[PDB]
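I have placed the structure first, in the form of structure tokens, so that the comments after it can refer back to it.
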Amino acid sequence: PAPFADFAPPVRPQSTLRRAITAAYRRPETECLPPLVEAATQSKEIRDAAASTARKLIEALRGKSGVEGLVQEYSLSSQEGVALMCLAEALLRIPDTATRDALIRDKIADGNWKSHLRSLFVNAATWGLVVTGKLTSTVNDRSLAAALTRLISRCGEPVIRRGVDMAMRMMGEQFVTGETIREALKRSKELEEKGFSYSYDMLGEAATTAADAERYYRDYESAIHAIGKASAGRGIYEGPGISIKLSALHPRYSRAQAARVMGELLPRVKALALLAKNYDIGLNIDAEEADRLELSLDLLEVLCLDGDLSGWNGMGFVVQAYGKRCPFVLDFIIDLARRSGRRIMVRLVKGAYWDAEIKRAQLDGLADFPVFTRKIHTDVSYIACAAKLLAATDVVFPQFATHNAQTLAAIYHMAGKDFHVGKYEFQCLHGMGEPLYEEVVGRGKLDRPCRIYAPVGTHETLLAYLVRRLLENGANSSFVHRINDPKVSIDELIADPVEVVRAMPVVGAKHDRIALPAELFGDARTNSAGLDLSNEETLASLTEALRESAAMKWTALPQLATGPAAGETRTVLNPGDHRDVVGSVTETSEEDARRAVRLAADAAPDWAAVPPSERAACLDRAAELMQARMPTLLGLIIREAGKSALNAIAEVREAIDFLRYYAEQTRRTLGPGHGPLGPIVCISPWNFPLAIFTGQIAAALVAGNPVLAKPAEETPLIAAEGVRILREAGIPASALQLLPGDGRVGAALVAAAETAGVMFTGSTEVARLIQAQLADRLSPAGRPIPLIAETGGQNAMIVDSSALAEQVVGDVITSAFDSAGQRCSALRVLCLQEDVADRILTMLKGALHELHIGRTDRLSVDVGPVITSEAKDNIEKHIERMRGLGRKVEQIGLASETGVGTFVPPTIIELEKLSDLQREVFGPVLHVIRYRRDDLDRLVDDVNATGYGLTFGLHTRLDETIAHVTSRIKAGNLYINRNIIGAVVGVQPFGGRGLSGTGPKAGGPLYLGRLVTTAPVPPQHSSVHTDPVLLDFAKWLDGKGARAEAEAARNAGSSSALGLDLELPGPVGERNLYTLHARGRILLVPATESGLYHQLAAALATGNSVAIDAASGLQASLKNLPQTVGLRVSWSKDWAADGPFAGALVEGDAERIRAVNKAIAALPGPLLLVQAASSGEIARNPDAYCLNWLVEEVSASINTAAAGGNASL
Ligand SMILES: Cc1cc2c(cc1C)N(C[C@H](O)[C@H](O)[C@H](O)COP(=O)(O)OP(=O)(O)OC[C@H]1O[C@@H](n3cnc4c(N)ncnc43)[C@H](O)[C@@H]1O)c1[nH]c(=O)[nH]c(=O)c1N2
Ligand SMILES: NC(=O)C1=CN([C@@H]2O[C@H](COP(=O)(O)OP(=O)(O)OC[C@H]3O[C@@H](n4cnc5c(N)ncnc54)[C@H](O)[C@@H]3O)[C@@H](O)[C@H]2O)C=CC1
Ligand code: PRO
Ligand code: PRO
Ligand SMILES: [Mg+2]
């Protein structure tokens, strides 16, 4: 099959009208507004009349809550009100009323509610919104528990009774019209008698599995029967209808899965529409995320052209006025209504996903947002689109869904004097819009109809996305919020958004406080740009660029300083299809690898002499080149490395980000005194063959070191292209040599006499072999050769019973199986609290079977091949061993076309204990364990016990659990309520501890400092906190008379950055934190008393404990230590028995250092970051031991939108 011949063909040819929609997707905001202002303009007479009507409605609204009266009656604090409603919610989970009342009277009111009632406070963020109007993303469950005890002990049964009755009313009658469709229908008769109509919302969305989509289907079908029976021939305008969400009806509702959507989702909608046709009721397709808009149009088109649905005008469709495509979508819909002769019911809304759209465009590095960023722009867009709809009432049925009295009044007068039922209507939300619309419906008011959008569902169903619904009308910019704010005048509320926009100095300017994705980092650096795989223009352009990349004769050669070298040449094959030859590699002889190091050494002074700013300029130029070449680079990564387009885009972004980040960090730090190490050997893996390749090399180069680049033998072509780009950007050939080949080439480079440093990403075993070889050598200055190694992980995610299953499953499927699990960060062990384990596991297995595995030149492929047949064999041997032990194994079936490549099906293996898993299994293999809540702390121990410490995830809403878990886990990259993959340079600096590597973190501020002989002070690198054991030690030194060492100890205490705690700039809806902690226990190998004191001061000032070499004979130098210091001090004769250590400090002459370095490399377990100094160096240089390498970096990324919305926005 020809590469990319079927990458992403559209569902249908894009008509002129469809293309005008796509063209507007991310149009600059200043370009969208002027035509909207013009279309929204009305006569001065109309504007005055509309302001009068709006003032009249608002005066009525203000002239006429339950939770607030309850808070007042019992003098509750906010936390008490929230805690009370959480208790009421839990009591309502008890089905029998008499049982519940007995528990309240006999057990709850009397004392400890904790012994009788899953945290009570799982939904406290929602109840917090109800009580306070403010959204907090996580729940302070200890504060709520205290508040609940306090209020119960103060007020007793009466307050509990009142809370229960209040929650019962709100959850049964306010947030929903009824629990079931029959109950909702019964409660609809009252307002139907007043002139209202209804559209029922069954509260389904985001199917994760086929079974869940089928459940949502049968729920919609049963509701259509009930609504149609009740409609009883009233028709689509007077009678009730239904609203559906396409995401409820298929678990893979996305553009990437468009073929499955048209084949599998479309027939389901058609079947529901046929039933709606027979009863003659409305069936409305709700609008969802911006990347689903254009896909949904293909379903609308097919349905409106399907003759089986003819004769029925009930098909409806929502368009969101906050979207830049809205008027063009309306043009398309009106034309479709004309062609089909179906009077499409068009619900105009403003839009419910605003904060999520802002976050998504920022995360994806896209050109602009697909929605407006000023609320007034959405208001003008709405009015302009209403004008378009009101001119087409013969062709469509406009439905103006809004609670904004000003918007309503403007449209009411825009529509003019003539009205008949069926011309158009208004719409509102149940339990929210009735106060406004009771001033609209009826001959005594404005005599215009209103359809009530009526949620229907149980308590569990309505709570799932209640936060997003509350924010529709609850944000500070929301009309319903502002009308209830006394500080907001009626004049402010009736302000005409059209005229306000028209008079702004720059019409349609972007919000001042929302950064475009490119500007996320401000003046520090330019964000890399992504590509929108939902944009048909992008998919069409990418299709051609990808095909063109597959026709190129890609090569990789040994590129020595003197020119390309001869060698053994072989082809490079696509891992997804070995018949697809991607290019040819000429591999490096061991002789030429040694020669390359000599040439690098000869060239080292000339590269070091290029000033740091100019070296950084080379990196910035290379980043521009990679950005411009992204589509071609994507094609090569897809075919050579077996990656999906989505992952290839992110990888090229990461490479660009490394180049720009290290360039900026260089401009912030490097001066004449930060001399280069010399030739650095950069050994890189096949799983991030551009990004990690580029990151290591760029850092070494910009620090002033010439580089020998040894790429993974599986992925030399993208590496050769990366070197070509860096050379084009100005890196001299003598500064950057490419040495393709296998481990023998890597080993020859490591062992070469002039090698001054090694940067390695790959296996622990190979890093250990490199460490053993480097320990044989010292630099010309008699110091160890630095090794930076990142070596993978055994990464866990802990999920408690407060987490949202659908969120968990999505993050798990992505974290475990993205890139076929070939990320070092991939989720390996999912840990499920016992009470939710079976439900989440069922959902996870169902989601597993929705993944498409195959050759990655198709947008529809989710999981590609593993890199080699040997990798495949190793992974499969692990799976079969687990199966042979009787562990439950779930696997997706592989298509026959996978046989030409090396594929492993995504797999779920259920384990009894974490210790059942003994080694990192570098493939799409998720292990699942269950835990009881009281065993959480033991579980964290179990996770730490593997010895790894790279990525870690936690899904919980509860602050106590966040605090506990994050304080006890020992990993470098933590992720809360999100996936654990795709660390962003400079936002989640990436790297771990233990068996996961040495540090410092790539994409972090300590990285460049390891690549120079004297480390600079990184930006923001300081701490006002002083370690108290360090202070006790300095006092002990003064008491012993060691006044010089006591001063040095105090200086180390101040110099240490232990306790640094920063928030890094990044996308909205996330908090990204970076902190410096102690490393652990540092091995001290002193030679003199003063050396031991200096070593102890360095280690204690950075928060560490120590093990001191008993063979030093210096035990008598540490007599009568304070207990606080003694607690941190042990003496070690057998270093291997007393580990693991987290670093080492060595004192001695060159031969002593070499001997100790060899002994240290022989210690089992983690590679130790070793620092050595002579006694004279300790006396001359206060920084003989650099404190940068005695702290541990920790990155934590918290998804603050996880509760369903973004409070900050
Ligand atoms: C009957 C019915 C049916 C639906 C919906 C509402 C109603 C009444 N909604 C929700 C709707 O889109 C909207 O979020 C709420 O109705 C509130 O908007 P109003 O016009 O009431 O108020 P209001 O006039 O106060 O407008 C609030 C809206 O302004 C927008 N906004 C806020 N800040 C902004 C900013 N900084 N920049 C740009 N825009 C900003 C948002 O769209 C926000 O919801 C919806 N929504 C949806 O996406 N799909 C759907 O299928 C439905 N269905
Ligand atoms: N941390 C990560 O991101 C990576 C970790 N791994 C782990 O390693 C396992 C094996 O995969 P491999 O590709 O075998 O990784 P590997 O670690 O053997 O290869 C990594 C790099 O080291 C080079 N290399 C191999 N032996 C060497 C030696 N003796 N001296 C110097 N350089 C040497 C290779 O050529 C490649 O460039 C994987 O299954 C996975 O567990 C591998 C690749 C990525
Ligand atoms: O599309 C057309 O040409 C005809 C006109 C009326 C409805 N269909
Ligand atoms: O976090 C991730 O998924 C990638 C893997 C290497 C570093 N960044
Ligand atoms: Mg290998």
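Please note that chains go A, B, ... in the order of the structure tokens, that every chain numbers its residues from 1, and that ligands are numbered from 1 in the order shown.
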
Against ligand 2, which residues of chain A fall within 6 Å? For each one I want the closest pair of atoms and the distance in Å (one decimal), counting only C-alpha atoms and all ligand atoms, rows by chain and increasing residue number, as a Markdown table.
```
| residue | atom | partner | partner_atom_place_in_ligand_line | distance |
| --- | --- | --- | --- | --- |
| A:683 | CA | ligand 2 | 37 (O) | 5.0 |
| A:684 | CA | ligand 2 | 37 (O) | 4.7 |
| A:685 | CA | ligand 2 | 43 (C) | 4.8 |
| A:687 | CA | ligand 2 | 44 (C) | 5.6 |
| A:711 | CA | ligand 2 | 37 (O) | 4.9 |
| A:712 | CA | ligand 2 | 37 (O) | 3.6 |
| A:713 | CA | ligand 2 | 35 (O) | 5.6 |
| A:742 | CA | ligand 2 | 35 (O) | 4.3 |
| A:743 | CA | ligand 2 | 26 (N) | 3.7 |
| A:746 | CA | ligand 2 | 32 (N) | 3.7 |
| A:747 | CA | ligand 2 | 30 (N) | 3.7 |
| A:761 | CA | ligand 2 | 1 (N) | 5.2 |
| A:762 | CA | ligand 2 | 4 (C) | 3.6 |
| A:763 | CA | ligand 2 | 8 (O) | 3.5 |
| A:766 | CA | ligand 2 | 17 (O) | 5.2 |
| A:770 | CA | ligand 2 | 30 (N) | 5.8 |
| A:790 | CA | ligand 2 | 1 (N) | 5.6 |
| A:791 | CA | ligand 2 | 1 (N) | 4.0 |
| A:792 | CA | ligand 2 | 1 (N) | 3.9 |
| A:823 | CA | ligand 2 | 3 (O) | 5.9 |
| A:824 | CA | ligand 2 | 3 (O) | 4.4 |
| A:920 | CA | ligand 2 | 41 (O) | 5.7 |
| A:922 | CA | ligand 2 | 39 (O) | 4.8 |
```

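Considering only C-alpha atoms and all ligand atoms, the residues that reside within 6 Å of ligand 3 can be listed as residues 338, 339, 340 and 341 of chain A.
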
Review point. Hey, what's within 10 Å of region 126-129 of chain A if we count only C-alpha atoms and toss same-chain stuff fewer than 5 positions away? As JSON, numbers by chain, please?
Key: {"A": [78, 79, 81, 82, 83, 84, 85, 86, 89, 121, 134, 135, 136, 137, 139, 167, 463, 464, 465, 466, 467, 468, 470, 471, 474, 1203, 1204]}

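Across the structure, CA of residue 886 (chain A) and CA of residue 854 (chain A) are spaced 28.8 Å apart.
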
**Study point:** Contacts of ligand 1, 7 Å or closer, only C-alpha atoms and all ligand atoms, given as a ChimeraX atom specification
**Key:** /A:286-288,318,320,322,349-354,371-379,401-404,427-429,451-453,472-473,477-480

Please write the residues from the selection above to a file, keeping N, CA and C atoms, as a JSON list (two decimals), in the first residue's frame.
```json
[["chain", "number", "residue", "atom", "x", "y", "z"],
["A", 286, "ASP", "N", -27.53, 18.30, 19.98],
["A", 286, "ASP", "CA", -26.81, 19.29, 20.78],
["A", 286, "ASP", "C", -25.41, 19.50, 20.21],
["A", 287, "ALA", "N", -24.87, 20.70, 20.41],
["A", 287, "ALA", "CA", -23.52, 21.04, 19.98],
["A", 287, "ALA", "C", -22.52, 20.86, 21.12],
["A", 288, "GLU", "N", -21.35, 20.32, 20.78],
["A", 288, "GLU", "CA", -20.35, 19.96, 21.78],
["A", 288, "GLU", "C", -19.04, 20.69, 21.51],
["A", 318, "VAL", "N", -28.05, 22.44, 16.96],
["A", 318, "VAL", "CA", -27.55, 23.59, 17.71],
["A", 318, "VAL", "C", -26.35, 24.20, 17.00],
["A", 320, "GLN", "N", -23.37, 27.30, 17.94],
["A", 320, "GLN", "CA", -22.84, 28.05, 19.08],
["A", 320, "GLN", "C", -22.28, 29.39, 18.62],
["A", 322, "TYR", "N", -20.63, 31.60, 20.21],
["A", 322, "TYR", "CA", -19.27, 31.92, 20.62],
["A", 322, "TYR", "C", -18.23, 31.42, 19.63],
["A", 349, "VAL", "N", -27.37, 28.98, 20.45],
["A", 349, "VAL", "CA", -26.90, 29.12, 21.82],
["A", 349, "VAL", "C", -25.62, 29.95, 21.79],
["A", 350, "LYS", "N", -25.18, 30.40, 22.96],
["A", 350, "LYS", "CA", -23.87, 31.06, 22.98],
["A", 350, "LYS", "C", -22.73, 30.04, 23.00],
["A", 351, "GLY", "N", -22.77, 29.08, 23.92],
["A", 351, "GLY", "CA", -21.81, 27.99, 23.92],
["A", 351, "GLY", "C", -21.40, 27.58, 25.32],
["A", 352, "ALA", "N", -21.26, 26.27, 25.59],
["A", 352, "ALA", "CA", -21.10, 25.79, 26.95],
["A", 352, "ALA", "C", -19.68, 25.36, 27.32],
["A", 353, "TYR", "N", -18.73, 25.40, 26.39],
["A", 353, "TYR", "CA", -17.42, 24.79, 26.59],
["A", 353, "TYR", "C", -16.29, 25.81, 26.56],
["A", 354, "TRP", "N", -16.58, 27.06, 26.92],
["A", 354, "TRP", "CA", -15.63, 28.15, 26.63],
["A", 354, "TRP", "C", -14.27, 27.90, 27.27],
["A", 371, "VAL", "N", -13.13, 30.01, 19.34],
["A", 371, "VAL", "CA", -14.20, 30.76, 19.98],
["A", 371, "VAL", "C", -13.67, 32.16, 20.26],
["A", 372, "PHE", "N", -14.60, 33.09, 20.48],
["A", 372, "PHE", "CA", -14.23, 34.43, 20.90],
["A", 372, "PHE", "C", -13.65, 34.42, 22.31],
["A", 373, "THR", "N", -12.88, 35.47, 22.63],
["A", 373, "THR", "CA", -12.27, 35.59, 23.95],
["A", 373, "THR", "C", -12.84, 36.74, 24.78],
["A", 374, "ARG", "N", -13.67, 37.60, 24.19],
["A", 374, "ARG", "CA", -14.41, 38.61, 24.92],
["A", 374, "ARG", "C", -15.89, 38.26, 24.88],
["A", 375, "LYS", "N", -16.53, 38.26, 26.04],
["A", 375, "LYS", "CA", -17.92, 37.83, 26.12],
["A", 375, "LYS", "C", -18.82, 38.69, 25.24],
["A", 376, "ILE", "N", -18.51, 39.99, 25.15],
["A", 376, "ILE", "CA", -19.31, 40.89, 24.34],
["A", 376, "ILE", "C", -19.24, 40.50, 22.86],
["A", 377, "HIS", "N", -18.13, 39.90, 22.43],
["A", 377, "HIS", "CA", -18.03, 39.43, 21.05],
["A", 377, "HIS", "C", -19.03, 38.31, 20.79],
["A", 378, "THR", "N", -19.15, 37.37, 21.73],
["A", 378, "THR", "CA", -20.17, 36.33, 21.60],
["A", 378, "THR", "C", -21.56, 36.94, 21.53],
["A", 379, "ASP", "N", -21.82, 38.00, 22.30],
["A", 379, "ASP", "CA", -23.14, 38.61, 22.28],
["A", 379, "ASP", "C", -23.43, 39.23, 20.93],
["A", 401, "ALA", "N", -32.08, 30.32, 22.22],
["A", 401, "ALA", "CA", -31.84, 29.82, 23.57],
["A", 401, "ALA", "C", -30.97, 30.82, 24.30],
["A", 402, "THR", "N", -31.55, 31.55, 25.25],
["A", 402, "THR", "CA", -30.76, 32.49, 26.04],
["A", 402, "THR", "C", -31.53, 32.87, 27.30],
["A", 403, "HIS", "N", -30.77, 33.15, 28.37],
["A", 403, "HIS", "CA", -31.31, 33.73, 29.59],
["A", 403, "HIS", "C", -31.01, 35.22, 29.70],
["A", 404, "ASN", "N", -30.38, 35.81, 28.69],
["A", 404, "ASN", "CA", -29.95, 37.20, 28.74],
["A", 404, "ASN", "C", -31.09, 38.08, 28.26],
["A", 427, "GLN", "N", -35.93, 29.76, 23.88],
["A", 427, "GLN", "CA", -35.71, 28.58, 24.70],
["A", 427, "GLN", "C", -34.95, 28.98, 25.96],
["A", 428, "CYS", "N", -35.12, 28.18, 27.00],
["A", 428, "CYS", "CA", -34.44, 28.43, 28.27],
["A", 428, "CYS", "C", -34.20, 27.09, 28.96],
["A", 429, "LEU", "N", -33.46, 27.14, 30.06],
["A", 429, "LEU", "CA", -33.14, 25.96, 30.84],
["A", 429, "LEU", "C", -34.15, 25.80, 31.97],
["A", 451, "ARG", "N", -39.43, 27.25, 24.71],
["A", 451, "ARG", "CA", -39.22, 25.83, 24.95],
["A", 451, "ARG", "C", -38.23, 25.66, 26.09],
["A", 452, "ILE", "N", -38.64, 24.88, 27.09],
["A", 452, "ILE", "CA", -37.81, 24.58, 28.25],
["A", 452, "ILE", "C", -36.97, 23.34, 27.97],
["A", 453, "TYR", "N", -35.65, 23.49, 28.05],
["A", 453, "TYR", "CA", -34.70, 22.40, 27.96],
["A", 453, "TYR", "C", -34.65, 21.74, 29.34],
["A", 472, "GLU", "N", -22.56, 27.87, 33.07],
["A", 472, "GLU", "CA", -23.26, 28.53, 31.97],
["A", 472, "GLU", "C", -23.88, 29.84, 32.44],
["A", 473, "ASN", "N", -24.51, 29.82, 33.62],
["A", 473, "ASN", "CA", -25.20, 30.98, 34.16],
["A", 473, "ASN", "C", -24.57, 31.50, 35.45],
["A", 477, "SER", "N", -19.20, 36.91, 34.30],
["A", 477, "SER", "CA", -19.70, 37.57, 33.10],
["A", 477, "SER", "C", -21.12, 37.13, 32.73],
["A", 478, "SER", "N", -21.66, 36.12, 33.41],
["A", 478, "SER", "CA", -22.96, 35.57, 33.05],
["A", 478, "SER", "C", -24.08, 36.52, 33.45],
["A", 479, "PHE", "N", -25.09, 36.63, 32.58],
["A", 479, "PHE", "CA", -26.23, 37.50, 32.86],
["A", 479, "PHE", "C", -26.90, 37.13, 34.18],
["A", 480, "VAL", "N", -27.18, 35.84, 34.38],
["A", 480, "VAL", "CA", -27.92, 35.41, 35.57],
["A", 480, "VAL", "C", -27.14, 35.76, 36.83]]
```

Which residues of chain A come within 6 Å of ligand 4, and what is each one's closest atom pair and distance in Å (one decimal), counting only C-alpha atoms and all ligand atoms, sorted by chain and residue number, as JSON lines?
```
{"residue": "A:823", "atom": "CA", "partner": "ligand 4", "partner_atom_place_in_ligand_line": "5 (C)", "distance": 5.3}
{"residue": "A:824", "atom": "CA", "partner": "ligand 4", "partner_atom_place_in_ligand_line": "5 (C)", "distance": 5.6}
{"residue": "A:825", "atom": "CA", "partner": "ligand 4", "partner_atom_place_in_ligand_line": "3 (O)", "distance": 5.0}
{"residue": "A:981", "atom": "CA", "partner": "ligand 4", "partner_atom_place_in_ligand_line": "3 (O)", "distance": 3.9}
{"residue": "A:982", "atom": "CA", "partner": "ligand 4", "partner_atom_place_in_ligand_line": "3 (O)", "distance": 3.6}
{"residue": "A:983", "atom": "CA", "partner": "ligand 4", "partner_atom_place_in_ligand_line": "1 (O)", "distance": 3.8}
{"residue": "A:990", "atom": "CA", "partner": "ligand 4", "partner_atom_place_in_ligand_line": "7 (C)", "distance": 6.0}
```

Check your understanding: Smallest atom-to-atom distance to ligand 5: which of A:805, A:769, A:226, A:456, using only C-alpha atoms and all ligand atoms?
Key -> A:769

Exercise for review: Could you please write out, as an MDAnalysis selection string, every residue of region 261-452 of chain A that DSSP assigns to helix (DSSP H, G or I)?
Suggested key: chainID A and resid 261:279 290:305 307:309 326:340 354:363 375:390 405:414 434:437

Exercise for review: Using DSSP on the backbone coordinates, identify the residues of region 396-537 of chain A assigned to strand (DSSP E or B); present them as a ChimeraX atom specification.
Suggested key: /A:396-401,425-429,450-456

Same residues, N, CA and C atoms, saved as a short mmCIF file (atom, residue, chain, number, x, y, z; two decimals), in the first residue's frame:
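Saved the output as result_37.cif:
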```cif
data_model
loop_
_atom_site.label_atom_id
_atom_site.label_comp_id
_atom_site.auth_asym_id
_atom_site.auth_seq_id
_atom_site.Cartn_x
_atom_site.Cartn_y
_atom_site.Cartn_z
N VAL A 396 -35.99 27.76 7.76
CA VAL A 396 -35.59 27.15 9.02
C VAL A 396 -36.50 27.67 10.13
N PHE A 397 -36.48 26.97 11.26
CA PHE A 397 -37.22 27.38 12.45
C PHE A 397 -36.22 27.85 13.50
N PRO A 398 -36.00 29.15 13.66
CA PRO A 398 -35.01 29.62 14.65
C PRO A 398 -35.51 29.43 16.08
N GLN A 399 -34.58 29.04 16.96
CA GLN A 399 -34.88 28.80 18.37
C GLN A 399 -33.80 29.53 19.15
N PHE A 400 -34.18 30.62 19.82
CA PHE A 400 -33.22 31.52 20.45
C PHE A 400 -33.09 31.14 21.92
N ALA A 401 -32.08 30.32 22.22
CA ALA A 401 -31.84 29.82 23.57
C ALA A 401 -30.97 30.82 24.30
N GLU A 425 -39.03 30.60 18.02
CA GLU A 425 -39.33 30.53 19.45
C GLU A 425 -38.08 30.93 20.21
N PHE A 426 -38.28 31.18 21.50
CA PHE A 426 -37.19 31.26 22.45
C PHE A 426 -37.05 29.93 23.18
N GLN A 427 -35.93 29.76 23.88
CA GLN A 427 -35.71 28.58 24.70
C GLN A 427 -34.95 28.98 25.96
N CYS A 428 -35.12 28.18 27.00
CA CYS A 428 -34.44 28.43 28.27
C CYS A 428 -34.20 27.09 28.96
N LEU A 429 -33.46 27.14 30.06
CA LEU A 429 -33.14 25.96 30.84
C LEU A 429 -34.15 25.80 31.97
N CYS A 450 -41.76 29.81 24.49
CA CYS A 450 -40.45 29.42 24.99
C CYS A 450 -40.46 27.92 25.21
N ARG A 451 -39.43 27.25 24.71
CA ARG A 451 -39.22 25.83 24.95
C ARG A 451 -38.23 25.66 26.09
N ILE A 452 -38.64 24.88 27.09
CA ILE A 452 -37.81 24.58 28.25
C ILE A 452 -36.97 23.34 27.97
N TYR A 453 -35.65 23.49 28.05
CA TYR A 453 -34.70 22.40 27.96
C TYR A 453 -34.65 21.74 29.34
N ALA A 454 -35.15 20.50 29.42
CA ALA A 454 -35.50 19.84 30.67
C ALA A 454 -34.57 18.66 30.92
N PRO A 455 -33.59 18.78 31.81
CA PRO A 455 -32.75 17.63 32.13
C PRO A 455 -33.56 16.57 32.86
N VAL A 456 -33.23 15.32 32.58
CA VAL A 456 -33.92 14.17 33.15
C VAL A 456 -32.86 13.18 33.61
#
```

Point to revise | Nearest candidate to ligand 5 (options A:870, A:941, A:912, A:548; using only C-alpha atoms and all ligand atoms) | key: A:870

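Of the listed residues A:800, A:100, A:806, A:815, the one whose atoms come nearest to residue 833 (chain A) is A:800, with distances taken using only C-alpha atoms.
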
Practice item. List the neighbours of residue 1183 (chain A) out to 12 Å using only C-alpha atoms; skip same-chain residues closer than 6 positions along the sequence, and give me the result as JSON, numbers by chain. Key: {"A": [1013, 1014, 1015, 1016, 1017, 1048, 1049, 1051, 1052, 1055, 1056, 1094, 1095, 1097, 1098, 1171, 1172, 1173, 1177, 1189]}

Exercise for review: Enter the distance from CA of residue 433 (chain A) to CA of residue 284 (chain A), in Å, rounded to one decimal.
Suggested key: 19.3 Å

Practice item. Find, counting only C-alpha atoms, the residue in A:268, A:469, A:845, A:927 that gets nearest to residue 175 (chain A). Key: A:469
